[PDB]
Amino acid sequence: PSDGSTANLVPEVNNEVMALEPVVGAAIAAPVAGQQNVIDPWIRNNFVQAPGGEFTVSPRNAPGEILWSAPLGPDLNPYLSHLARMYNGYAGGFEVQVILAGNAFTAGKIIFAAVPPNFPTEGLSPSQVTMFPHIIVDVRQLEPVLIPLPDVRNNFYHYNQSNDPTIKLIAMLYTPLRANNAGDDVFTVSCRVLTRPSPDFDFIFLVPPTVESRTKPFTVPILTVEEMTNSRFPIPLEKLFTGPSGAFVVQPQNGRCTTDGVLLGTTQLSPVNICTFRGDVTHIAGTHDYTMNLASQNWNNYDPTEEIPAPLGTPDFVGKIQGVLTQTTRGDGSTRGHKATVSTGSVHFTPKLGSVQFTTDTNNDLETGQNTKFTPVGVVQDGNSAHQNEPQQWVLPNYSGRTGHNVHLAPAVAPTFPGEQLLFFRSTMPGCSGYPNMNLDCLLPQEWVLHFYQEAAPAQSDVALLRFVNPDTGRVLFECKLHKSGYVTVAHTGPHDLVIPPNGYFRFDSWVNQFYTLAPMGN
Amino acid sequence: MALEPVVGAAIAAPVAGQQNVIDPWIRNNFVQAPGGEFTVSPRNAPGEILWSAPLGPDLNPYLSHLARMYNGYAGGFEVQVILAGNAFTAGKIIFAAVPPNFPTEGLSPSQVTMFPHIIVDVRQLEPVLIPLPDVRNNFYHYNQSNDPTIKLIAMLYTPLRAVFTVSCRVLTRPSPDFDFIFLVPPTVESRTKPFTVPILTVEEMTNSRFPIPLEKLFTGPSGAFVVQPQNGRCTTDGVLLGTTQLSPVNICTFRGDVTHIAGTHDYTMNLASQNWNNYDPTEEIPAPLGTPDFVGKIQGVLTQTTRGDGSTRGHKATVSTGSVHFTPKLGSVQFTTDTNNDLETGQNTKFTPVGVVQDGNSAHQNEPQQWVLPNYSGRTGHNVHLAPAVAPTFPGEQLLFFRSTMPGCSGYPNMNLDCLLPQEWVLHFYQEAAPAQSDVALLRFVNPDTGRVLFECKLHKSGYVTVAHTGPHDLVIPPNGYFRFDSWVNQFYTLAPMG
Amino acid sequence: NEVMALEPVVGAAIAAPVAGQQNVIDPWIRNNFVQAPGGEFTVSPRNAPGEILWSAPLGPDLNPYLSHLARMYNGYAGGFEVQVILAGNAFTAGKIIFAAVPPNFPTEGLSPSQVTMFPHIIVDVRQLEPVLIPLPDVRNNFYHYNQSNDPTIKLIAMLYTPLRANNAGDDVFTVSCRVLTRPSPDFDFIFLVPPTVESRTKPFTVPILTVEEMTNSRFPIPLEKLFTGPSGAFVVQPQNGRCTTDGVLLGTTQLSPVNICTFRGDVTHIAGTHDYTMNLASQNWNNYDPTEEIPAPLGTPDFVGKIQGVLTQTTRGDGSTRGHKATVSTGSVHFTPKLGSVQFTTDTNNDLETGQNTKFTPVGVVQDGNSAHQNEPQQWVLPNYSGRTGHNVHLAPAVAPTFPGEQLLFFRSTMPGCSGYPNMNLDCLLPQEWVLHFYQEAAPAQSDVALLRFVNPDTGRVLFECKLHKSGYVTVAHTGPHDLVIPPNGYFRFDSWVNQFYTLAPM
Ligand SMILES: [Cl-]
Ligand SMILES: [Cl-]
């Protein structure tokens, strides 16, 4: 029966069982629910992979790490997830199926535990997890693990739009992963979580779809790398790059946006205003320099009291940006345009205070009362100093110049998992003069900022697993982790420009946590 | 009583993959169809089909969302029609069920009575109920197929006597024999996502004909001009037209190798692709994607980088569209620069646009004519594979433009730049690829503070917007107002006056 | 566990009241599993979750017995039982999902999560016993017609968990899979009909001819060798020998293997030179119509170079005949065959009369010896068929491999040289006899790729396999330029239609 397959090398099934009493589903809610609803019985009789539903046990993982966790709710099941956008509430339990068919040469144990509502999960030790109803499963177990997840609660049913807690199911690494395959291979255990609603599960109230935030699902645009634009300078994207970031500090303030659509730093939605300035301009006596008193991006007065580091779209690197000042006179419509340059490392670059200084090609022909716009074009470098040294993309300017320090900054960004580096979306800035360092990396393409902003989809966990696919060949090129904080990471060591098919796109496959181990991409 | 009962999906059980159940409450409430708005106005005459819909999940917003989870369906509907008339209004509306594969084109009101029908007076208060059974000759219908179904049609049976527009609404609910058939994942390639319009504000969006933000909404008469832009031209279901591409930054830009013209400060650019590939002049496009779509002088900056040492050069430059040397369909355009030397020949060169200029000795505000197309192949022929021209077709209506102001670099230029669709709307339609359920998508502009509707407009499938107004007018809009897609309608819809 | 969540689906029994007749299939065919023609795929450690390793639609082409029978029947109805075999061992880990995708649902782009949402089975790489999958004929009509190509249910095989195994030495361990099929009891054919009349049932084939026995489709010369190479620098876009698998000719391609670089028409002298202008008439000697949706008259040369041959003329009344060494330059501005005129350089400025029909017989290519050696005949540069006065119109598409590790496979011949140092390499995408074969035997393509096997009949050994794309070009698994070392009697054999994800073994 098992001769030549598995070969008794492997635990077949688990004996342990969760010490939970039975718990009623939605039947209790019938006298006070608005309606008695029905779920397609095929959805109830068939396991499907949960959003989330992937996690890994690798040698990088350490005992105590929660490899997978989820609260009870419709988001446990993709069919129920889409249905839930059409209902106001729910009640009842789930059957979860976990697949752990590790290679026979692997060792290690996982604990699954049910933690009741309103108990804090945020510091649990392995000892402590044992005090809940729990099951301990060997990472090599062949038959899937079946865990019933009852809807422990103190009310008749749950509302989608509220934050009353539910039971949380936890999977934690109980014993580190060891292996004794003789060769130098990993044998990471790839695990799958599938679910189906219990018979007592039901939705409560029929309501207009998609208007409830907590049920909006997360997506990542189908756009190709060439079809998107840099979020730190109005340029198209060109390549994907990963490299080591230990030396310098990756802390941009443009193109910073969270997965559920909260903008951060100096980030705004318009991809054309990403290094623009608008306001009234003043000549500086005896020089070809002009001082600009800043208006907003929509030509309103600028309010420095706002909880932002600087006006939205203010450059987030130190360098000399060359462009054009343009001006129009209200009465007659006379227009003027002059070569201009802004140095963000200059002591007179104080956009938080409301003033920026340009160096122009005239000392007249710029009126003092007219609206003036700086259209950026490129970056420049002083040719007498070291080649490729002027534009430092990862050095933040002093938004208030010599007065005070920078405030309300978006956090810095770094890989936290062993073997991982940031993944940058790389664009090459036009050079106007000199020998400038023309590489510009952003953490998110501008179109992703647009998308996340509009679809304010709540993050089901802290990391969204993406796979990059070649649609011609159908093959996955690499996988990466998209963090809620709005940055991407990959499994690689060393600098590398990615070799990408022109048709490649990012495909969202599963929610994971920070302990997910990515397949190595490099070379 | 005029039709027999018609079985739904129960008959399909021996040949369907699965047996499914739909939430029975969905059939206990009449709900407005996604294309359940139509209008009767004195502009309409008998013979015009004022409203129509095919049987299918798209009749019901609940079934519409459910349909993303199923492969097919079978069964009928009960439809309810509501007419907002008054006692001073006269006329009759006939609703009729026309069976699959019968041609509606040319029907008289007399003939429409020969179908199962109801004749309802425009001044009735109480809603009228129509049964719509799933007459067919197969076991069931596939969502991904355009197989025909029974159609419900509404038209004026007697002429309307009454500015007074009669607002009408169509609501539906599934019959008890209706059911979905095969449970399937809601994928993107299904093209079952319903059509929407981005929530972005006019202020926060970008012009699709020049890399600048939008500023205001403008309506005006277009009898003088020929409205035929080639950028920002896109279909509601995501088909790009003309020279339109997706990058909001690469509009009115050029990339290629550059060559000096002896004795002048003028240069010739041999055009590479937007991706820096070779450019193929034989593509079925009027010109390379992002080519300027108006006649004028566009000033910017030419940029060049020498590979090997990192040498970079930048020079003020200017393109005159409609100049005889502007031939981007053939692969070359001519710039006038501020040097005759420093632009090297071997290296790749990029023109970054900034603004337009005007010769000050000529008539003021006459140089950039946004509604005059350049001759993409110069004198050596005329333009080909153009996106169609655009004009209002319904009496009382004008185009609605998304207006921004181009920066002026010198002179007295006409800085007015109107596009048909925001660039972000082009992006949205491309990615969502939502199939159009009719030829016109009715949009309403909403003030989110109060929930109030400020005006309505028609977004045509061809990718242009029209509104009910006469005369030029800059629209006065709350800065945070957004567009909302409300219903599929047809060409006979009468818009509320706006102004 | 191992059960696909599908309801039972009636086969041809439901069709009895509306079918004309009741038929019977040989019971041995019903009781014995047979390998689907493209029923092989492989699980390697390079594979990642979500990759579709194999797919097939339900239908008679999955079974060569049923495929042959369908040529004599009008329709069919019912399902199959599929047997899939996995060549694992106890020391492997990993999961494969098989899924039933309904008739009109697109497979293109599915994530692993979503594939789980179809009726499905999850199979462990260590499973020894074959997996039995019922594939029911989900449909919305009573039965299917052969000529109507109705869409059917699809079987999907996708990598669900990566393969975890040791390798032995440098040989990387892989799990080979095979897909076997046999008709369900409810499957049956419908109406007996004349056995080879119905078009959509003709099977695709490839000539048994040897490379030496075939002919180049771009110049009237025999083939000599098979050549594969990287093609990224240049643009592979020939206009002769371009034909689709189901027999539609493309570009300037025509059927006669001798008229591949010929010209016919009436000729006119250009005063003071040894040049002549030929007013072109159709290859069949008729009036020439430029309106034809073709790049140029059929058989017009599709490369830039100087072709030397012989002009021949015949006076109708007297019967006199004249023949003169001549040369055509396809890159010269006076080479405008789309407009109807071509310019020759001859060895006389006398003895070529007007109004008489004149035929250019091509012989070879020539090179200016004072220029760089091997620089004049650019085979992969198309001439400008309308000279300066416009662009080429209605071209056959350009051709490139899409799969990593794959390069074009060219049928290579060596052009005769007449003078100078010309590049005598000439590569075509299809032999002329393959064009002839596809055109006559107009077999419908069951997918975008026909898998071919190249066989040495002496030893019986297969030397390589290649992909014949429906568009009419071939690709192989190789990197770098290489002349193939082939036994002189080797032939191409058609094996199976496959899906676009089929990965072929390297040389
Ligand atoms: Cl989904
Ligand atoms: Cl209209």
# chains A, B, ... in the order shown; residues from 1 in each chain; ligands from 1

$ closest_atom_pairs --of "range 29-139 of chain C" --to "range 502-510 of chain A" --cutoff "7 Å" --atoms "only C-alpha atoms" --output "tab-separated table"
residue	atom	partner	partner_atom	distance
C:111	CA	A:509	CA	6.1
C:112	CA	A:509	CA	6.9
C:113	CA	A:509	CA	6.7

$ write_last_selection --atoms "N, CA and C atoms" --output "PDB file, in the first residue's frame"
ATOM      1  N   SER C 111      -3.288  32.108 -10.673  1.00  0.00           N
ATOM      2  CA  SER C 111      -2.395  31.912  -9.540  1.00  0.00           C
ATOM      3  C   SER C 111      -2.654  30.553  -8.896  1.00  0.00           C
ATOM      4  N   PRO C 112      -1.700  30.030  -8.111  1.00  0.00           N
ATOM      5  CA  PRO C 112      -1.936  28.722  -7.471  1.00  0.00           C
ATOM      6  C   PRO C 112      -3.160  28.691  -6.576  1.00  0.00           C
ATOM      7  N   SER C 113      -3.355  29.725  -5.752  1.00  0.00           N
ATOM      8  CA  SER C 113      -4.575  29.844  -4.959  1.00  0.00           C
ATOM      9  C   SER C 113      -5.822  29.636  -5.809  1.00  0.00           C
TER      10      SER C 113
END

$ residues_near_ligand --ligand "ligand 1" --cutoff "12 Å" --atoms "only C-alpha atoms and all ligand atoms" --output "number ranges by chain"
A: 48-52, 75, 77-83, 216-219, 507-510; B: 68-69, 184-190, 193; C: 109-118

$ write_last_selection --atoms "N, CA and C atoms" --output "short mmCIF file (atom, residue, chain, number, x, y, z; two decimals), in the first residue's frame"
data_model
loop_
_atom_site.label_atom_id
_atom_site.label_comp_id
_atom_site.auth_asym_id
_atom_site.auth_seq_id
_atom_site.Cartn_x
_atom_site.Cartn_y
_atom_site.Cartn_z
N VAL A 48 -10.32 24.98 -0.30
CA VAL A 48 -9.70 25.90 -1.25
C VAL A 48 -8.63 26.67 -0.49
N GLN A 49 -7.57 27.05 -1.20
CA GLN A 49 -6.45 27.68 -0.52
C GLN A 49 -6.84 29.07 -0.04
N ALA A 50 -6.60 29.32 1.24
CA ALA A 50 -6.95 30.59 1.85
C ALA A 50 -6.10 31.73 1.28
N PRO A 51 -6.63 32.95 1.24
CA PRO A 51 -5.75 34.10 1.06
C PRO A 51 -4.78 34.09 2.22
N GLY A 52 -3.50 34.25 1.93
CA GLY A 52 -2.59 33.69 2.91
C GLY A 52 -2.50 32.26 2.43
N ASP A 75 -12.27 36.17 5.45
CA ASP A 75 -11.02 36.31 4.72
C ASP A 75 -10.19 35.03 4.72
N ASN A 77 -11.09 32.34 3.32
CA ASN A 77 -11.53 31.53 2.19
C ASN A 77 -11.79 32.46 1.01
N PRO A 78 -11.17 32.21 -0.15
CA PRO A 78 -11.30 33.15 -1.27
C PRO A 78 -12.73 33.32 -1.77
N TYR A 79 -13.51 32.24 -1.80
CA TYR A 79 -14.92 32.36 -2.18
C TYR A 79 -15.68 33.19 -1.15
N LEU A 80 -15.49 32.88 0.14
CA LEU A 80 -16.11 33.66 1.20
C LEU A 80 -15.62 35.10 1.20
N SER A 81 -14.38 35.34 0.77
CA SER A 81 -13.87 36.71 0.72
C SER A 81 -14.65 37.56 -0.27
N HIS A 82 -14.94 37.02 -1.46
CA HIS A 82 -15.70 37.77 -2.45
C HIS A 82 -17.16 37.89 -2.03
N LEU A 83 -17.72 36.81 -1.47
CA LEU A 83 -19.09 36.88 -0.96
C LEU A 83 -19.21 37.92 0.14
N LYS A 216 -12.70 44.95 1.19
CA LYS A 216 -12.04 45.21 -0.09
C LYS A 216 -10.78 44.36 -0.22
N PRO A 217 -10.62 43.62 -1.31
CA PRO A 217 -9.44 42.76 -1.48
C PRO A 217 -8.26 43.48 -2.12
N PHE A 218 -7.07 43.02 -1.75
CA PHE A 218 -5.83 43.63 -2.21
C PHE A 218 -5.42 43.07 -3.56
N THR A 219 -4.95 43.96 -4.44
CA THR A 219 -4.44 43.57 -5.75
C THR A 219 -3.20 44.40 -6.07
N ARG A 507 2.53 39.12 -9.87
CA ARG A 507 1.30 38.39 -9.59
C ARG A 507 1.21 38.13 -8.09
N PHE A 508 0.12 38.57 -7.48
CA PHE A 508 -0.08 38.40 -6.05
C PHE A 508 -0.60 36.99 -5.78
N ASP A 509 0.12 36.25 -4.93
CA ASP A 509 -0.15 34.83 -4.72
C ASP A 509 -0.63 34.48 -3.32
N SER A 510 -0.19 35.20 -2.29
CA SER A 510 -0.55 34.84 -0.92
C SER A 510 -0.11 35.93 0.04
N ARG B 68 -19.01 36.93 -11.11
CA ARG B 68 -17.56 36.81 -11.14
C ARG B 68 -17.09 35.50 -10.53
N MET B 69 -18.00 34.74 -9.91
CA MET B 69 -17.66 33.50 -9.23
C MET B 69 -18.21 32.28 -9.94
N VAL B 184 -16.14 29.16 -10.05
CA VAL B 184 -14.86 29.36 -10.72
C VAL B 184 -14.17 30.56 -10.07
N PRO B 185 -12.84 30.66 -10.08
CA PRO B 185 -12.17 31.78 -9.42
C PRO B 185 -12.38 33.09 -10.17
N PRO B 186 -12.66 34.19 -9.47
CA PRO B 186 -12.72 35.48 -10.15
C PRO B 186 -11.33 35.92 -10.56
N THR B 187 -10.93 35.59 -11.79
CA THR B 187 -9.65 36.02 -12.32
C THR B 187 -9.79 37.34 -13.06
N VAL B 188 -8.64 37.93 -13.41
CA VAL B 188 -8.63 39.18 -14.17
C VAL B 188 -8.94 38.91 -15.64
N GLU B 189 -8.38 37.84 -16.21
CA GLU B 189 -8.62 37.54 -17.61
C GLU B 189 -10.08 37.26 -17.91
N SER B 190 -10.91 37.03 -16.89
CA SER B 190 -12.33 36.77 -17.13
C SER B 190 -12.97 37.97 -17.82
N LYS B 193 -15.05 41.87 -14.22
CA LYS B 193 -15.05 42.99 -13.29
C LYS B 193 -15.98 44.06 -13.86
N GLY C 109 -3.06 32.95 -16.86
CA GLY C 109 -2.70 33.84 -15.78
C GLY C 109 -3.08 33.40 -14.38
N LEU C 110 -3.60 32.19 -14.22
CA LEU C 110 -4.12 31.76 -12.92
C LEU C 110 -3.00 31.66 -11.90
N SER C 111 -3.29 32.11 -10.67
CA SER C 111 -2.40 31.91 -9.54
C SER C 111 -2.65 30.55 -8.90
N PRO C 112 -1.70 30.03 -8.11
CA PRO C 112 -1.94 28.72 -7.47
C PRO C 112 -3.16 28.69 -6.58
N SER C 113 -3.35 29.72 -5.75
CA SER C 113 -4.57 29.84 -4.96
C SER C 113 -5.82 29.64 -5.81
N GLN C 114 -5.89 30.32 -6.95
CA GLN C 114 -7.10 30.28 -7.76
C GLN C 114 -7.32 28.91 -8.39
N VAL C 115 -6.24 28.24 -8.82
CA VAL C 115 -6.40 26.93 -9.44
C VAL C 115 -7.03 25.95 -8.47
N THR C 116 -6.75 26.12 -7.17
CA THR C 116 -7.39 25.34 -6.12
C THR C 116 -8.91 25.52 -6.10
N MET C 117 -9.43 26.59 -6.70
CA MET C 117 -10.86 26.87 -6.64
C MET C 117 -11.66 26.12 -7.69
N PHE C 118 -11.01 25.44 -8.63
CA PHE C 118 -11.69 24.51 -9.52
C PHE C 118 -11.82 23.16 -8.82
#

$ closest_residue --among "B:380, B:291, B:347, B:312" --to "chain C" --atoms "only C-alpha atoms"
B:380

$ interface_residues --of "chain A" --to "chain C" --cutoff "7 Å" --atoms "only C-alpha atoms" --output "VMD selection string"
chain A and resid 4 to 7 48 to 49 101 to 104 183 185 187 190 472 to 476 509

$ interface_residues --of "chain B" --to "chain A" --cutoff "7 Å" --atoms "only C-alpha atoms" --output "count of residues only"
32

$ residues_near_ligand --ligand "ligand 2" --cutoff "6 Å" --atoms "only C-alpha atoms and all ligand atoms" --output "ChimeraX atom specification"
/B:393-394,491

$ write_last_selection --atoms "N, CA and C atoms" --output "PDB file, in the first residue's frame"
ATOM      1  N   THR B 393     -23.565  64.603 -30.789  1.00  0.00           N
ATOM      2  CA  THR B 393     -24.594  64.083 -31.675  1.00  0.00           C
ATOM      3  C   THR B 393     -26.006  64.275 -31.145  1.00  0.00           C
ATOM      4  N   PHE B 394     -26.165  64.579 -29.856  1.00  0.00           N
ATOM      5  CA  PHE B 394     -27.481  64.753 -29.258  1.00  0.00           C
ATOM      6  C   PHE B 394     -27.792  66.239 -29.157  1.00  0.00           C
ATOM      7  N   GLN B 491     -28.002  56.022 -26.741  1.00  0.00           N
ATOM      8  CA  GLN B 491     -27.823  57.307 -27.405  1.00  0.00           C
ATOM      9  C   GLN B 491     -28.999  58.257 -27.228  1.00  0.00           C
TER      10      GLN B 491
END

$ select_by_dssp --residues "range 146-299 of chain A" --states "helix (DSSP H, G or I)" --output "PyMOL selection string"
chain A and resi 213-215+225-227

$ residues_around --residues "residue 188 in chain C" --least-positions-apart "2" --cutoff "12 Å" --atoms "only C-alpha atoms" --output "ChimeraX atom specification"
/C:10-16,19,21-27,29-30,59-60,66,69-70,73-80,137,143-144,182-186,190-192

$ interface_residues --of "chain B" --to "chain C" --cutoff "10 Å" --atoms "only C-alpha atoms" --output "tab-separated table (two decimals) with C-alpha atoms, in the first residue's frame"
chain	number	residue	atom	x	y	z
B	12	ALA	CA	-28.87	21.44	-17.10
B	13	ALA	CA	-28.00	19.09	-14.22
B	14	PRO	CA	-27.00	16.06	-16.39
B	15	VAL	CA	-24.52	18.18	-18.39
B	16	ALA	CA	-23.41	20.84	-15.91
B	17	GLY	CA	-20.30	20.25	-13.85
B	18	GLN	CA	-21.96	21.09	-10.54
B	19	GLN	CA	-25.17	21.79	-8.63
B	69	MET	CA	-17.66	33.50	-9.23
B	70	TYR	CA	-19.55	31.37	-11.75
B	71	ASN	CA	-18.97	30.17	-15.30
B	72	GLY	CA	-22.59	30.10	-16.49
B	137	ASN	CA	-32.50	26.52	-27.17
B	138	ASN	CA	-29.56	25.25	-25.09
B	139	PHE	CA	-29.17	23.89	-21.58
B	140	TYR	CA	-27.66	27.12	-20.22
B	141	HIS	CA	-25.58	30.21	-21.05
B	142	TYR	CA	-21.87	30.89	-20.58
B	143	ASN	CA	-20.76	34.19	-19.06
B	144	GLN	CA	-17.75	34.39	-21.41
B	145	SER	CA	-19.95	33.97	-24.52
B	182	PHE	CA	-20.04	26.38	-12.31
B	183	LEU	CA	-18.04	27.79	-9.40
B	184	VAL	CA	-14.86	29.36	-10.72
B	185	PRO	CA	-12.17	31.78	-9.42
B	186	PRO	CA	-12.72	35.48	-10.15
B	187	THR	CA	-9.65	36.02	-12.32
B	188	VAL	CA	-8.63	39.18	-14.17
B	189	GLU	CA	-8.62	37.54	-17.61
B	190	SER	CA	-12.33	36.77	-17.13
B	281	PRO	CA	7.40	53.10	-39.48
B	282	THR	CA	5.15	50.31	-40.83
B	283	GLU	CA	3.09	49.86	-37.65
B	330	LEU	CA	8.78	58.39	-41.48
B	380	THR	CA	4.90	63.15	-48.81
B	381	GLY	CA	1.29	62.07	-48.29

$ select_by_dssp --residues "range 264-412 of chain B" --states "strand (DSSP E or B)" --output "PDB file with C-alpha atoms, in the first residue's frame"
ATOM      1  CA  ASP B 266      18.984  72.875 -36.426  1.00  0.00           C
ATOM      2  CA  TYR B 267      19.292  69.138 -35.834  1.00  0.00           C
ATOM      3  CA  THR B 268      17.660  66.030 -37.289  1.00  0.00           C
ATOM      4  CA  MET B 269      16.644  63.243 -34.895  1.00  0.00           C
ATOM      5  CA  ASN B 270      16.381  59.660 -36.137  1.00  0.00           C
ATOM      6  CA  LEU B 271      13.628  58.181 -34.003  1.00  0.00           C
ATOM      7  CA  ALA B 272      14.150  55.085 -31.889  1.00  0.00           C
ATOM      8  CA  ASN B 278      14.224  50.358 -33.221  1.00  0.00           C
ATOM      9  CA  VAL B 295       0.350  72.087 -34.590  1.00  0.00           C
ATOM     10  CA  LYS B 297       6.167  75.109 -31.480  1.00  0.00           C
ATOM     11  CA  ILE B 298       7.059  73.003 -28.433  1.00  0.00           C
ATOM     12  CA  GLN B 299      10.144  74.089 -26.487  1.00  0.00           C
ATOM     13  CA  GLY B 300      12.063  71.758 -24.189  1.00  0.00           C
ATOM     14  CA  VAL B 301      15.591  70.501 -23.562  1.00  0.00           C
ATOM     15  CA  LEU B 302      17.651  68.007 -25.562  1.00  0.00           C
ATOM     16  CA  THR B 303      19.622  65.604 -23.371  1.00  0.00           C
ATOM     17  CA  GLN B 304      22.481  63.304 -24.335  1.00  0.00           C
ATOM     18  CA  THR B 305      24.840  60.947 -22.516  1.00  0.00           C
ATOM     19  CA  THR B 306      28.070  59.418 -23.827  1.00  0.00           C
ATOM     20  CA  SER B 311      29.624  62.730 -20.424  1.00  0.00           C
ATOM     21  CA  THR B 312      26.279  64.541 -20.323  1.00  0.00           C
ATOM     22  CA  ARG B 313      25.052  67.510 -22.358  1.00  0.00           C
ATOM     23  CA  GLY B 314      21.860  69.550 -22.254  1.00  0.00           C
ATOM     24  CA  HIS B 315      20.625  72.244 -24.634  1.00  0.00           C
ATOM     25  CA  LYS B 316      17.428  74.260 -24.996  1.00  0.00           C
ATOM     26  CA  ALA B 317      15.622  72.961 -28.072  1.00  0.00           C
ATOM     27  CA  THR B 318      12.395  73.526 -29.958  1.00  0.00           C
ATOM     28  CA  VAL B 319      10.160  71.411 -32.196  1.00  0.00           C
ATOM     29  CA  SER B 320       7.842  73.058 -34.699  1.00  0.00           C
ATOM     30  CA  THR B 327       7.805  63.743 -40.275  1.00  0.00           C
ATOM     31  CA  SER B 332      12.690  61.868 -38.352  1.00  0.00           C
ATOM     32  CA  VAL B 333      11.865  65.213 -36.730  1.00  0.00           C
ATOM     33  CA  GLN B 334      13.800  68.481 -36.751  1.00  0.00           C
ATOM     34  CA  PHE B 335      14.825  70.535 -33.705  1.00  0.00           C
ATOM     35  CA  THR B 336      16.270  74.032 -33.455  1.00  0.00           C
ATOM     36  CA  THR B 337      18.827  74.177 -30.650  1.00  0.00           C
ATOM     37  CA  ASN B 348      21.122  58.546 -27.789  1.00  0.00           C
ATOM     38  CA  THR B 349      19.260  61.814 -27.254  1.00  0.00           C
ATOM     39  CA  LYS B 350      16.026  62.606 -25.393  1.00  0.00           C
ATOM     40  CA  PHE B 351      13.781  65.646 -25.858  1.00  0.00           C
ATOM     41  CA  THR B 352      12.020  66.532 -22.596  1.00  0.00           C
ATOM     42  CA  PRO B 353       9.068  68.871 -23.285  1.00  0.00           C
ATOM     43  CA  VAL B 354       8.366  71.929 -21.149  1.00  0.00           C
ATOM     44  CA  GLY B 355       6.071  74.320 -22.978  1.00  0.00           C
ATOM     45  CA  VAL B 356       4.972  76.077 -26.154  1.00  0.00           C
ATOM     46  CA  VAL B 357       6.036  79.373 -27.747  1.00  0.00           C
ATOM     47  CA  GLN B 369      -3.805  75.248 -32.587  1.00  0.00           C
ATOM     48  CA  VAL B 390     -15.425  63.625 -32.134  1.00  0.00           C
ATOM     49  CA  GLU B 397     -25.088  68.773 -25.925  1.00  0.00           C
ATOM     50  CA  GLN B 398     -21.430  69.786 -26.111  1.00  0.00           C
ATOM     51  CA  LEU B 399     -18.171  67.990 -25.446  1.00  0.00           C
ATOM     52  CA  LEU B 400     -16.780  68.089 -21.919  1.00  0.00           C
ATOM     53  CA  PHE B 401     -13.043  68.762 -21.874  1.00  0.00           C
ATOM     54  CA  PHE B 402     -10.408  68.181 -19.221  1.00  0.00           C
ATOM     55  CA  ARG B 403      -8.549  71.480 -19.516  1.00  0.00           C
ATOM     56  CA  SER B 404      -5.025  72.364 -18.442  1.00  0.00           C
ATOM     57  CA  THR B 405      -2.762  75.322 -19.189  1.00  0.00           C
ATOM     58  CA  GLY B 408       4.599  79.453 -22.077  1.00  0.00           C
ATOM     59  CA  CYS B 409       8.297  79.883 -22.826  1.00  0.00           C
ATOM     60  CA  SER B 410       8.246  83.036 -25.010  1.00  0.00           C
ATOM     61  CA  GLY B 411       5.675  85.048 -26.949  1.00  0.00           C
TER      62      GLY B 411
END

$ residues_around --residues "residue 287 in chain A" --least-positions-apart "5" --cutoff "10 Å" --atoms "only C-alpha atoms" --output "count of residues only"
4

$ residues_around --residues "range 226-242 of chain B" --least-positions-apart "4" --cutoff "9 Å" --atoms "only C-alpha atoms" --output "PyMOL selection string"
chain B and resi 195+207-210+222+246+251+285-287+289-294+370-373+385-391+419-423+425-436+441+459-464

$ closest_residue --among "C:179, C:476, C:296, C:121" --to "residue 251 in chain C" --atoms "only C-alpha atoms"
C:296

$ residues_around --residues "residue 136 in chain B" --least-positions-apart "6" --cutoff "10 Å" --atoms "only C-alpha atoms" --output "PyMOL selection string"
chain B and resi 6-8+74-75+99-100+147-150

$ decode --residues "range 339-346 of chain A" --atoms "C-alpha atoms" --output "CSV table (one decimal), in the first residue's frame"
chain,number,residue,atom,x,y,z
A,339,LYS,CA,17.2,77.8,-18.0
A,340,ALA,CA,17.4,77.3,-14.3
A,341,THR,CA,19.0,75.1,-11.7
A,342,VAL,CA,18.2,74.3,-8.0
A,343,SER,CA,20.8,72.9,-5.6
A,344,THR,CA,19.0,71.0,-2.8
A,345,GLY,CA,22.2,70.8,-0.7
A,346,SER,CA,22.5,74.6,-0.7
